[PDB]
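Asker: What follows is target26.cif, made up of mmCIF, C-alpha atoms and all ligand atoms:
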```
data_upload
#
loop_
_atom_site.label_atom_id
_atom_site.label_comp_id
_atom_site.auth_asym_id
_atom_site.auth_seq_id
_atom_site.Cartn_x
_atom_site.Cartn_y
_atom_site.Cartn_z
CA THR O 700 -7.38 20.07 48.01
CA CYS O 701 -9.64 17.17 48.90
CA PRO O 702 -13.41 17.92 48.86
CA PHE O 703 -15.49 17.42 52.01
CA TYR O 704 -17.65 14.65 50.50
CA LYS O 705 -14.50 12.43 50.23
CA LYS O 706 -13.72 12.62 53.93
CA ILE O 707 -15.28 10.40 56.62
CA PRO O 708 -15.79 12.58 59.87
CA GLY O 709 -14.47 11.13 63.07
CA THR O 710 -11.92 8.98 61.37
CA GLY O 711 -8.55 9.30 59.69
CA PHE O 712 -10.16 8.04 56.46
CA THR O 713 -10.75 9.21 52.91
CA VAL O 714 -12.60 7.53 50.02
CA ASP O 715 -11.44 7.72 46.36
CA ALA O 716 -9.04 10.62 47.18
CA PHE O 717 -5.63 9.84 45.48
CA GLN O 718 -5.21 13.04 43.32
CA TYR O 719 -4.83 15.64 46.10
CA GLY O 720 -1.29 14.77 47.31
CA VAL O 721 -0.86 13.85 50.98
CA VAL O 722 -4.21 14.56 52.65
CA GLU O 723 -3.71 16.11 56.08
CA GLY O 724 -4.85 13.77 58.82
CA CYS O 725 -5.40 10.75 56.53
CA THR O 726 -4.13 7.45 57.97
CA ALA O 727 -5.86 5.11 55.49
CA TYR O 728 -7.02 5.68 51.90
CA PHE O 729 -9.99 3.52 50.76
CA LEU O 730 -10.57 2.82 47.02
CA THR O 731 -14.14 1.64 46.10
CA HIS O 732 -13.33 0.39 42.53
CA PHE O 733 -10.79 0.44 39.74
CA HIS O 734 -12.20 3.27 37.49
CA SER O 735 -9.80 6.10 36.56
CA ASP O 736 -11.89 9.02 38.03
CA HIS O 737 -11.59 7.20 41.39
CA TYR O 738 -7.98 5.83 41.32
CA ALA O 739 -6.51 9.03 39.70
CA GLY O 740 -3.15 9.56 41.38
CA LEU O 741 -2.10 6.02 42.45
CA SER O 742 1.25 4.42 41.20
CA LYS O 743 4.28 2.31 42.31
CA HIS O 744 5.45 5.37 44.32
CA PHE O 745 2.37 5.51 46.63
CA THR O 746 3.47 4.64 50.22
CA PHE O 747 0.30 4.84 52.42
CA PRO O 748 -2.06 1.95 53.24
CA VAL O 749 -4.79 1.42 50.59
CA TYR O 750 -7.84 -0.54 51.64
CA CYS O 751 -9.95 -2.25 48.92
CA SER O 752 -11.47 -5.52 47.65
CA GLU O 753 -9.27 -8.54 46.59
CA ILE O 754 -10.11 -7.82 42.89
CA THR O 755 -9.25 -4.11 43.12
CA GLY O 756 -5.99 -5.10 44.89
CA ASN O 757 -5.07 -7.49 41.95
CA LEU O 758 -5.52 -4.56 39.53
CA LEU O 759 -3.50 -2.12 41.72
CA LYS O 760 -0.53 -4.60 41.89
CA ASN O 761 -0.56 -5.72 38.22
CA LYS O 762 -1.78 -2.68 36.32
CA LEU O 763 -0.54 0.30 38.36
CA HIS O 764 2.46 -1.56 40.01
CA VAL O 765 1.54 -0.54 43.50
CA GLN O 766 3.78 -2.36 45.91
CA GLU O 767 2.28 -5.26 47.74
CA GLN O 768 3.26 -3.98 51.22
CA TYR O 769 0.81 -1.02 50.86
CA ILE O 770 -2.18 -3.10 49.51
CA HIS O 771 -4.67 -4.21 52.11
CA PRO O 772 -7.36 -6.36 50.53
CA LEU O 773 -10.47 -7.12 52.69
CA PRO O 774 -13.00 -9.88 52.29
CA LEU O 775 -16.64 -8.95 51.56
CA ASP O 776 -19.50 -9.33 53.99
CA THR O 777 -17.04 -9.53 56.93
CA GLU O 778 -16.58 -7.19 59.96
CA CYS O 779 -12.96 -5.99 59.93
CA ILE O 780 -11.05 -3.53 62.21
CA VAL O 781 -9.06 -0.76 60.42
CA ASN O 782 -7.01 1.70 62.56
CA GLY O 783 -9.37 1.00 65.42
CA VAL O 784 -12.67 1.38 63.55
CA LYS O 785 -15.04 -1.43 62.42
CA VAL O 786 -15.73 -1.53 58.66
CA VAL O 787 -17.56 -3.82 56.27
CA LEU O 788 -17.24 -4.01 52.43
CA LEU O 789 -20.41 -4.86 50.46
CA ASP O 790 -20.97 -5.73 46.82
CA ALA O 791 -21.89 -2.52 44.88
CA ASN O 792 -23.36 -4.24 41.72
CA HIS O 793 -21.08 -1.87 39.61
CA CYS O 794 -17.96 -3.33 37.84
CA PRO O 795 -15.86 -6.27 39.07
CA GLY O 796 -14.37 -5.66 42.50
CA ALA O 797 -16.59 -2.62 43.25
CA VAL O 798 -17.70 -2.12 46.88
CA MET O 799 -19.82 -0.03 49.20
CA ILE O 800 -18.21 0.71 52.62
CA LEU O 801 -20.03 0.65 56.05
CA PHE O 802 -18.14 2.60 58.78
CA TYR O 803 -19.08 2.08 62.47
CA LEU O 804 -17.79 5.29 64.12
CA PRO O 805 -16.45 5.18 67.67
CA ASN O 806 -19.20 7.63 68.82
CA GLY O 807 -22.09 5.34 67.56
CA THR O 808 -22.72 7.06 64.17
CA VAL O 809 -23.04 4.58 61.22
CA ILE O 810 -22.07 5.81 57.68
CA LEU O 811 -22.64 4.04 54.31
CA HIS O 812 -20.54 5.21 51.29
CA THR O 813 -22.03 3.55 48.18
CA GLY O 814 -19.02 4.24 45.89
CA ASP O 815 -20.47 3.80 42.42
CA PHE O 816 -23.46 1.36 42.54
CA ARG O 817 -26.51 -0.05 40.79
CA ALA O 818 -29.07 -0.37 43.55
CA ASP O 819 -30.87 -3.66 43.75
CA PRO O 820 -33.46 -5.27 46.11
CA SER O 821 -30.85 -7.96 46.90
CA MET O 822 -29.06 -5.31 48.92
CA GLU O 823 -32.03 -5.11 51.37
CA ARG O 824 -30.76 -8.51 52.67
CA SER O 825 -27.06 -7.97 53.20
CA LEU O 826 -25.53 -6.75 56.59
CA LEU O 827 -27.40 -3.46 55.88
CA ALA O 828 -30.61 -5.00 57.15
CA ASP O 829 -29.37 -5.25 60.81
CA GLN O 830 -28.89 -1.57 61.76
CA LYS O 831 -29.61 2.04 61.27
CA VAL O 832 -27.50 4.39 59.02
CA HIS O 833 -27.18 7.99 60.02
CA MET O 834 -25.33 9.34 56.93
CA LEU O 835 -25.40 8.09 53.26
CA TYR O 836 -22.71 9.22 50.75
CA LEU O 837 -24.74 8.46 47.61
CA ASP O 838 -23.91 7.79 43.90
CA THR O 839 -26.40 10.21 42.36
CA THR O 840 -25.26 9.80 38.68
CA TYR O 841 -28.82 9.41 37.33
CA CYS O 842 -30.82 11.23 40.03
CA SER O 843 -33.70 12.55 37.84
CA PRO O 844 -36.88 10.73 36.71
CA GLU O 845 -36.01 11.06 33.01
CA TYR O 846 -33.38 8.38 33.58
CA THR O 847 -35.06 5.07 32.83
CA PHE O 848 -33.32 2.05 31.30
CA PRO O 849 -34.07 -1.71 31.09
CA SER O 850 -32.69 -4.48 33.34
CA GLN O 851 -29.19 -5.77 32.48
CA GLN O 852 -30.92 -9.22 31.78
CA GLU O 853 -33.27 -7.69 29.02
CA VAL O 854 -30.30 -5.89 27.44
CA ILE O 855 -28.19 -9.12 27.32
CA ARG O 856 -31.20 -11.01 25.83
CA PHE O 857 -31.37 -8.41 23.07
CA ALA O 858 -27.66 -8.61 22.35
CA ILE O 859 -27.45 -12.49 22.30
CA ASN O 860 -30.52 -12.75 20.01
CA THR O 861 -29.20 -9.99 17.64
CA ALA O 862 -25.69 -11.53 17.33
CA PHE O 863 -26.94 -15.14 17.01
CA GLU O 864 -29.41 -14.12 14.24
CA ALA O 865 -26.82 -12.12 12.27
CA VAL O 866 -24.06 -14.76 12.31
CA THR O 867 -26.50 -17.61 11.52
CA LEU O 868 -27.68 -15.67 8.47
CA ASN O 869 -24.07 -14.89 7.55
CA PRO O 870 -21.29 -17.16 8.91
CA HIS O 871 -18.73 -14.72 7.58
CA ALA O 872 -19.92 -11.81 9.78
CA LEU O 873 -17.56 -10.64 12.64
CA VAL O 874 -18.97 -9.27 15.91
CA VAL O 875 -17.05 -6.39 17.54
CA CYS O 876 -17.73 -4.99 21.11
CA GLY O 877 -16.30 -1.66 22.42
CA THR O 878 -14.62 -1.25 25.86
CA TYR O 879 -12.58 1.48 27.75
CA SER O 880 -12.55 0.34 31.33
CA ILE O 881 -13.49 -2.70 33.37
CA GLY O 882 -17.24 -3.28 33.70
CA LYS O 883 -19.92 -4.60 31.29
CA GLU O 884 -17.99 -7.90 30.60
CA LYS O 885 -21.35 -9.81 30.39
CA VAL O 886 -22.00 -8.10 26.99
CA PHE O 887 -19.05 -9.67 25.18
CA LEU O 888 -18.98 -12.92 27.28
CA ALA O 889 -22.68 -13.72 26.61
CA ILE O 890 -22.34 -13.09 22.83
CA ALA O 891 -19.19 -15.29 22.58
CA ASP O 892 -20.96 -18.08 24.53
CA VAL O 893 -24.01 -18.17 22.15
CA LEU O 894 -21.67 -18.22 19.10
CA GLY O 895 -19.29 -20.93 20.51
CA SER O 896 -16.29 -18.65 20.20
CA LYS O 897 -13.69 -17.14 22.57
CA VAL O 898 -13.41 -13.39 22.84
CA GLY O 899 -10.29 -12.02 21.16
CA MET O 900 -8.50 -8.91 22.45
CA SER O 901 -5.17 -7.06 22.96
CA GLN O 902 -2.57 -8.33 25.41
CA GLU O 903 -3.19 -5.29 27.71
CA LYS O 904 -6.91 -6.00 27.93
CA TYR O 905 -6.32 -9.75 28.40
CA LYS O 906 -4.04 -8.88 31.36
CA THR O 907 -6.77 -6.69 32.91
CA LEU O 908 -9.34 -9.49 32.63
CA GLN O 909 -6.98 -12.11 34.21
CA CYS O 910 -7.01 -9.90 37.43
CA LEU O 911 -10.83 -10.29 37.93
CA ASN O 912 -11.49 -13.75 39.53
CA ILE O 913 -14.14 -14.65 36.89
CA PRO O 914 -14.57 -18.51 36.91
CA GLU O 915 -13.48 -20.51 33.86
CA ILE O 916 -12.04 -17.30 32.23
CA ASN O 917 -9.21 -19.21 30.49
CA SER O 918 -12.19 -20.94 28.71
CA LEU O 919 -13.71 -17.60 27.39
CA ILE O 920 -10.95 -15.14 26.36
CA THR O 921 -7.78 -15.18 24.15
CA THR O 922 -5.10 -13.03 22.50
CA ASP O 923 -5.34 -15.13 19.30
CA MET O 924 -7.55 -12.92 17.20
CA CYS O 925 -7.49 -15.28 14.22
CA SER O 926 -9.23 -18.00 16.22
CA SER O 927 -12.09 -15.76 17.55
CA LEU O 928 -15.21 -14.30 15.80
CA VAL O 929 -15.98 -11.90 18.67
CA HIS O 930 -13.33 -9.13 18.95
CA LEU O 931 -12.92 -6.40 21.59
CA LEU O 932 -11.67 -2.96 20.55
CA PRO O 933 -11.24 0.37 22.30
CA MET O 934 -14.55 2.32 22.42
CA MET O 935 -13.04 5.14 20.31
CA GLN O 936 -12.66 2.78 17.36
CA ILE O 937 -16.43 1.88 17.33
CA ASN O 938 -17.32 4.04 14.33
CA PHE O 939 -17.56 3.44 10.55
CA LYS O 940 -13.91 4.53 9.83
CA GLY O 941 -12.41 2.51 12.64
CA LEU O 942 -14.40 -0.62 11.86
CA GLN O 943 -13.66 -0.44 8.08
CA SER O 944 -9.98 -0.31 9.02
CA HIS O 945 -10.32 -3.28 11.32
CA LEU O 946 -12.11 -5.34 8.68
CA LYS O 947 -9.13 -4.72 6.30
CA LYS O 948 -6.88 -6.31 8.90
CA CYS O 949 -8.76 -9.61 9.09
CA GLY O 950 -7.41 -10.75 5.67
CA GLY O 951 -10.72 -11.58 3.94
CA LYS O 952 -11.93 -13.92 6.64
CA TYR O 953 -14.99 -11.69 7.10
CA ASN O 954 -17.26 -9.64 4.85
CA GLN O 955 -19.59 -7.88 7.40
CA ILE O 956 -19.30 -6.32 10.95
CA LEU O 957 -21.97 -6.17 13.55
CA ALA O 958 -20.72 -3.87 16.43
CA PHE O 959 -22.00 -3.05 19.93
CA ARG O 960 -21.37 0.19 22.01
CA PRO O 961 -22.64 -0.37 25.50
CA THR O 962 -23.35 3.17 26.73
CA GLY O 963 -25.08 4.25 29.95
CA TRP O 964 -28.26 6.23 29.33
CA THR O 965 -28.87 8.10 26.07
CA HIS O 966 -32.09 10.24 25.27
CA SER O 967 -33.31 7.58 22.75
CA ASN O 968 -34.25 5.82 26.15
CA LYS O 969 -37.01 8.48 26.60
CA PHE O 970 -38.73 7.23 23.37
CA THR O 971 -37.72 3.69 22.40
CA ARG O 972 -38.13 0.24 24.15
CA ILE O 973 -35.17 -2.21 24.05
CA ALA O 974 -37.14 -4.52 21.72
CA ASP O 975 -37.48 -1.64 19.22
CA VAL O 976 -33.72 -0.64 19.11
CA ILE O 977 -32.21 -0.44 15.62
CA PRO O 978 -28.59 0.12 14.41
CA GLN O 979 -26.80 2.76 12.38
CA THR O 980 -25.68 1.17 9.13
CA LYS O 981 -23.22 2.08 6.32
CA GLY O 982 -22.64 -0.59 3.72
CA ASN O 983 -21.62 -3.92 5.36
CA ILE O 984 -21.15 -2.27 8.88
CA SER O 985 -23.89 -1.98 11.51
CA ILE O 986 -23.50 -0.32 15.01
CA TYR O 987 -25.91 -0.87 17.92
CA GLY O 988 -25.93 1.47 20.98
CA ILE O 989 -27.25 -0.65 23.81
CA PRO O 990 -28.25 0.88 27.24
CA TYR O 991 -26.28 -1.39 29.56
CA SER O 992 -25.99 0.56 32.82
CA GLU O 993 -23.83 -0.13 35.90
CA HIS O 994 -25.44 2.74 37.81
CA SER O 995 -28.89 2.98 39.52
CA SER O 996 -31.83 4.19 37.47
CA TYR O 997 -33.89 6.95 39.22
CA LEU O 998 -36.50 4.43 40.44
CA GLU O 999 -33.87 1.91 41.70
CA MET O 1000 -32.09 4.72 43.60
CA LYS O 1001 -35.34 6.01 45.12
CA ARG O 1002 -36.39 2.50 46.30
CA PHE O 1003 -33.00 1.91 48.02
CA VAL O 1004 -33.00 5.22 49.82
CA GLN O 1005 -36.71 4.91 50.91
CA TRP O 1006 -35.83 1.40 52.33
CA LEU O 1007 -32.64 2.57 54.09
CA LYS O 1008 -34.17 5.74 55.65
CA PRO O 1009 -30.94 7.66 56.23
CA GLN O 1010 -30.97 10.72 58.42
CA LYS O 1011 -28.76 12.77 56.07
CA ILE O 1012 -27.76 12.28 52.39
CA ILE O 1013 -24.49 13.62 50.91
CA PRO O 1014 -24.36 13.37 47.02
CA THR O 1015 -21.01 12.33 45.46
CA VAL O 1016 -21.98 12.92 41.75
CA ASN O 1017 -23.34 16.06 39.92
CA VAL O 1018 -22.13 18.22 42.80
CA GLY O 1019 -20.56 20.93 40.68
CA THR O 1020 -23.56 23.09 39.73
CA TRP O 1021 -26.14 24.82 41.84
CA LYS O 1022 -28.97 23.70 39.54
CA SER O 1023 -27.94 20.03 39.96
CA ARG O 1024 -27.52 20.31 43.67
CA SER O 1025 -30.96 22.01 44.10
CA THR O 1026 -32.64 19.35 41.86
CA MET O 1027 -31.15 16.47 43.91
CA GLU O 1028 -32.10 18.08 47.28
CA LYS O 1029 -35.70 18.51 46.09
CA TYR O 1030 -35.95 14.77 45.25
CA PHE O 1031 -34.44 13.71 48.57
CA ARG O 1032 -37.17 15.74 50.43
CA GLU O 1033 -39.92 14.24 48.28
CA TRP O 1034 -38.72 10.74 49.04
CA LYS O 1035 -38.54 11.44 52.80
CA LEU O 1036 -42.12 12.99 52.82
CA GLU O 1037 -43.63 10.18 50.76
CA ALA O 1038 -42.09 7.40 52.91
CA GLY O 1039 -42.51 9.19 56.27
CA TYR O 1040 -38.98 9.09 57.79
NI NI H 1 -17.33 3.78 38.24
#
```
Any chance you could give the structure as structure tokens?
Ligand code: NI
Answerer:
Amino acid sequence: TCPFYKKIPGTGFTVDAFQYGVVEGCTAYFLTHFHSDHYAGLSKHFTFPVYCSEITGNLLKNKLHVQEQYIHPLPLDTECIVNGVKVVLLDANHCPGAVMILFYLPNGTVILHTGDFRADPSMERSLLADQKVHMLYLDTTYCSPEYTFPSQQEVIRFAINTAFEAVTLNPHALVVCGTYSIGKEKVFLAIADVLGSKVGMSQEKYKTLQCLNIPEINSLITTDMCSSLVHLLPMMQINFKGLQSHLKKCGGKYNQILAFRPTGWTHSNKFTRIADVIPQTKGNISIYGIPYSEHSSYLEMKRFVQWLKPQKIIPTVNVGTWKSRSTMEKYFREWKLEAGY
């Protein structure tokens, strides 16, 4: 059965609720982004209206084979009417095609569902600026002050400089980047750009990337691995065994691997600055864990909420334990008392 924090009161709507069978009273199913915890349950056999971004709708049609007649893509930053209710989709600064959803309820209540997001001050000047929000359904992934990480721009600087140095010292080094979902494409695109290479990958992952409206993409990616010195592999293969095996396959073109695992937060964040990050090394293989996040840090989250001043907050992440729920509720009250709303 569908949990309460996936239902929008006063509407026939649910958000990211495809794994519960037919939800009683649901006339339209919204999908915030194409990540498997959120789309779980969709397929070519789904026959209700799905509302989403253009990019999410390209992925539904080409990767999950959802029939076109049930996909309802909406433009961003545009007031639209759905089953008699005004909605707006906003950029969530998560993965490609990810949105927040503003619902303007018939009774005057305004609700923001962030989906998954990385809060940013740029959001304080979208259509959110113009009106009050009564209820916020909040991505609370990293809702504790221990969760600090650098900007995406500092992390990419590190990666470009690390890759460029290594391959200039050794022109026979290969760079490998791990992936398991959409998101974090800047990591591998920025490294390939500095090296003057295309990114090489499987047909399945190439297909996924061709659904994302990224400009000049035919210029940056390829299925011809032999022509590329930046390769993408599944995240599970980014270990010494899996990389040794890959190097065998390249037929003596390369004699060294430098590999990147973009993670979210890890506890080495609570000690080490990005500048000071070092790899794990075995022989001619080095692996860098880099803290490239597509979710809000604690401070980014707190700033957004203190700017928005919602009347009620409903967490959508970490909701399964009483200790997590109590922790989150204590921070929400702090923020409200400090800011005065
Ligand atoms: Ni996500």
Asker: Give as number ranges by chain every residue, naming chains and numbers as the document does, that has an atom within 12 Å of (-13.8, 4.6, 37.8), counting all atoms listed in the file.
Answerer: O: 715, 730-739, 755, 793-798, 814-816, 879-882, 993-994
Asker: Keeping only C-alpha atoms, take the residues you just selected and write them out as a CSV table (one decimal), in the frame of the given file.
Answerer:
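So selection00.csv came out as:
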```csv
chain,number,residue,atom,x,y,z
O,715,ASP,CA,-11.4,7.7,46.4
O,730,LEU,CA,-10.6,2.8,47.0
O,731,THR,CA,-14.1,1.6,46.1
O,732,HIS,CA,-13.3,0.4,42.5
O,733,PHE,CA,-10.8,0.4,39.7
O,734,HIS,CA,-12.2,3.3,37.5
O,735,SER,CA,-9.8,6.1,36.6
O,736,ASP,CA,-11.9,9.0,38.0
O,737,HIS,CA,-11.6,7.2,41.4
O,738,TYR,CA,-8.0,5.8,41.3
O,739,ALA,CA,-6.5,9.0,39.7
O,755,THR,CA,-9.2,-4.1,43.1
O,793,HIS,CA,-21.1,-1.9,39.6
O,794,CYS,CA,-18.0,-3.3,37.8
O,795,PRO,CA,-15.9,-6.3,39.1
O,796,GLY,CA,-14.4,-5.7,42.5
O,797,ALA,CA,-16.6,-2.6,43.2
O,798,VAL,CA,-17.7,-2.1,46.9
O,814,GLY,CA,-19.0,4.2,45.9
O,815,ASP,CA,-20.5,3.8,42.4
O,816,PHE,CA,-23.5,1.4,42.5
O,879,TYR,CA,-12.6,1.5,27.8
O,880,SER,CA,-12.6,0.3,31.3
O,881,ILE,CA,-13.5,-2.7,33.4
O,882,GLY,CA,-17.2,-3.3,33.7
O,993,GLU,CA,-23.8,-0.1,35.9
O,994,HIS,CA,-25.4,2.7,37.8
```
Asker: From the options O:784, O:986, O:707, O:854, which residue's atoms come nearest to residue O:963, counting only C-alpha atoms?
Answerer: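 The shortest atom-to-atom distance to residue O:963 comes from O:854.
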Asker: Report the distance between atom CA of residue O:1001 and atom CA of residue O:833 in Å, rounded to one decimal place.
Answerer: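 Atom CA of residue O:833 lies 17.1 Å from atom CA of residue O:1001.
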Asker: Give me the residues within 6 Å of stretch 742-752 of chain O as a list in words, counting only C-alpha atoms and dropping any in the same chain fewer than 3 places off.
Answerer: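 Those residues are residues 727, 728, 729, 730, 755, 763, 764, 765, 766, 769, 770, 771, 772, 773 and 796 of chain O.
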Asker: Quote the spacing between atom CA of residue O:1012 and atom CA of residue O:851 in Å to one decimal place.
Answerer: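 Taking atom CA of residue O:1012 as the start and atom CA of residue O:851 as the end point, the length is 26.9 Å.
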Asker: Between O:890, O:799, O:822, O:977, which residue has the minimum interatomic distance to ligand NI 1 (chain H), considering only C-alpha atoms and all ligand atoms?
Answerer: O:799
Asker: Select, from O:912, O:898, O:813, O:788, the residue with the minimum atom-to-atom distance to ligand NI 1 (chain H), counting all atoms listed in the file.
Answerer: O:813
Asker: Please put the answer as lines of an AutoDock Vina configuration file: centre and edge lengths, in Å with one decimal, of a box along x, y and z that encloses all listed atoms of stretch 843-857 of chain O plus 4 Å on each side.
Answerer:
```
center_x = -32.5
center_y = 0.8
center_z = 30.5
size_x = 16.7
size_y = 31.6
size_z = 22.8
```
Asker: Env of residue O:803: 8 Å cut, atoms = all atoms listed in the file, seq-sep filter 5 positions within chain, self excluded. Answer as a short mmCIF file (atom, residue, chain, number, x, y, z; two decimals) with C-alpha atoms, in the coordinates of the input.
Answerer:
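Once everything was written out, this is out-v7.cif:
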```cif
data_model
loop_
_atom_site.label_atom_id
_atom_site.label_comp_id
_atom_site.auth_asym_id
_atom_site.auth_seq_id
_atom_site.Cartn_x
_atom_site.Cartn_y
_atom_site.Cartn_z
CA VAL O 784 -12.67 1.38 63.55
CA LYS O 785 -15.04 -1.43 62.42
CA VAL O 786 -15.73 -1.53 58.66
CA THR O 808 -22.72 7.06 64.17
CA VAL O 809 -23.04 4.58 61.22
CA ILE O 810 -22.07 5.81 57.68
#
```
Asker: Nearest residue to ligand NI 1 (chain H) out of O:987, O:885, O:942, O:840, using all atoms listed in the file?
Answerer: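 Answer, going by the shortest atom-to-atom distance: O:840.
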Asker: What is the atom CA of residue O:768 to atom CA of residue O:756 distance in Å?
Answerer: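 A separation of 11.3 Å between them.
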Asker: Every residue with an atom at most 9 Å from (-24.0, -3.6, 13.3) (file coordinates; all atoms listed in the file) is what I'm after, so could you write them as JSON, numbers by chain?
Answerer: {"O": [874, 875, 955, 956, 957, 958, 959, 978, 979, 980, 983, 984, 985, 986, 987]}
Asker: Using only C-alpha atoms, please write the residues we just selected to a file, as a compact mmCIF listing (two decimals), in the frame of the given file.
Answerer:
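Result saved to result_17.txt:
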```
# COMPACT_ATOMS: atom_id res chain seq x y z
CA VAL O 874 -18.97 -9.27 15.91
CA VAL O 875 -17.05 -6.39 17.54
CA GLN O 955 -19.59 -7.88 7.40
CA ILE O 956 -19.30 -6.32 10.95
CA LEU O 957 -21.97 -6.17 13.55
CA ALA O 958 -20.72 -3.87 16.43
CA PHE O 959 -22.00 -3.05 19.93
CA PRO O 978 -28.59 0.12 14.41
CA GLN O 979 -26.80 2.76 12.38
CA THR O 980 -25.68 1.17 9.13
CA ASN O 983 -21.62 -3.92 5.36
CA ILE O 984 -21.15 -2.27 8.88
CA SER O 985 -23.89 -1.98 11.51
CA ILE O 986 -23.50 -0.32 15.01
CA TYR O 987 -25.91 -0.87 17.92
```
Asker: Let me make sure I understand: among O:1015, O:889, O:1004, O:818, which one has the smallest atom-to-atom distance to residue O:706 if we use all atoms listed in the file?
Answerer: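 Closest to residue O:706, using all atoms listed in the file: O:1015.
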Asker: Which one of O:960, O:972, O:883, O:1002 sits closest to ligand NI 1 (chain H) if you count all atoms listed in the file?
Answerer: O:883
